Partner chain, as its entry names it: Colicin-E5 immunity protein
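What follows is a single chain, given as structure tokens, in the form deposited without its partner chain.
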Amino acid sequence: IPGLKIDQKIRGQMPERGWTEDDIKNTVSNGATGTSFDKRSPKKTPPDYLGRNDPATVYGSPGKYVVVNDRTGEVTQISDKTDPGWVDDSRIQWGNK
């Protein structure tokens, strides 16, 4: 644990967004920093088309995070580390409470 799967859309975004595989691995293994969800209608989950409505965990920091589906281990989002003005997904609940 955790997972990890990275779909081809995310792999394509990685060098555009400042991520290497190692950065991903390291960010994730440093531990949970927040919580989100992987909520995707069936049409949006090729090739299986089953849909996701799963809890997700956030790893890394604001502007520099990856979001991981807790059931599947799929990475669902990566921020653009390379954009000092990246707008964090407002839906993430950071830290605890």
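Definition used throughout: the rigid core is the maximal C-alpha set that superposes within 1.5 Å between two forms. Only residues modelled in both forms are compared. Residue numbers count along the first chain shown, from 1.
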*In the PDB record, does 59-67 or 42-50 carry the higher mean Cα temperature factor?*
42-50
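Quick note: we don't show the form deposited with its partner chain bound, though the next part is all about it.
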*asked:* At 4.5 Å between heavy atoms, is residue 71 in contact with its partner chain in the entry with it bound?
replied: no
*Does at least one non-hydrogen atom of residue 33 fall within 4.5 angstroms of its partner chain in the entry with it bound?*
no
*Is there a heavy atom of residue 80 no more than 4.5 Å from a heavy atom of its partner chain in the entry with it bound?*
yes
*Is residue 16 close enough to its partner chain in the entry with it bound to count, meaning some heavy atom within 4.5 Å?*
yes
*Heavy atom within 4.5 Å of its partner chain in the entry with it bound: which residues of 34-48 qualify?*
37, 39, 40, 43, 44, 45, 46, 47
*Just one of 55, 62, 31, 46 has a CA that shifts 2 Å or more between the shown form and the other one on a core fit; which is it?*
46
*With the core fixed, which bits of the chain, 3+ residues long, show every Cα moving 2 Å or more between the shown form and the other one?*
46-48
